[PDB]
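Heads up, the thing below is written out as structure tokens.
Readers should treat all values here as calculations from the given coordinates under stated rules, not as data from a laboratory. Every residue, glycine among them, receives a Cβ derived from its backbone with ideal geometry; neighbour counts consider all protein chains shown.
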Amino acid sequence: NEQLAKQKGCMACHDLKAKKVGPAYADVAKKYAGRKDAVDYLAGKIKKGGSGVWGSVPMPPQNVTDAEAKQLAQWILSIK
Ligand code: HEC
């Protein structure tokens, strides 16, 4: 929803249409669509991190469960 992206700290480097540090959620959903692994793939870089798709900025790992992480990839996609 929204309170799940604040208490955690994902909005720190993200935002619907507020290009700041990380890739705004909106842009993240546009990068994928119809993929058969957009949930495991996204949530994958969510519970681990990495870089190379948005530049060289190496994103840090996060401490989230595969459940809330799955809701962040399914919710981020539902966002235009
Ligand atoms: C800044 C210190 C960040 C914090 C804190 C979080 N994320 Fe992040 N995220 C960041 C960057 C720089 C990137 C892009 C990697 C790069 O090339 O630099 C990302 C990317 C994501 C993605 C998409 C990755 C993909 O497969 O394209 C997701 C889904 C994502 N981030 C989720 C996420 C969540 C849930 C966070 C809170 C726990 C979070 N990020 C924090 C930078 C930063």
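Things to note:
- Here the condition is being surrounded by 11 or more Cβ atoms within 10 Å (Cβ to Cβ) and touching a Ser or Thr at 6+ places or on another chain (Cβ under 9 Å); of 30, 47, 70, it holds for 47 alone.
- Residue check for residue 40: more than 10 Å from the ligand (Cβ to nearest atom) and part of a loop (DSSP other than H, G, I, E, B): no
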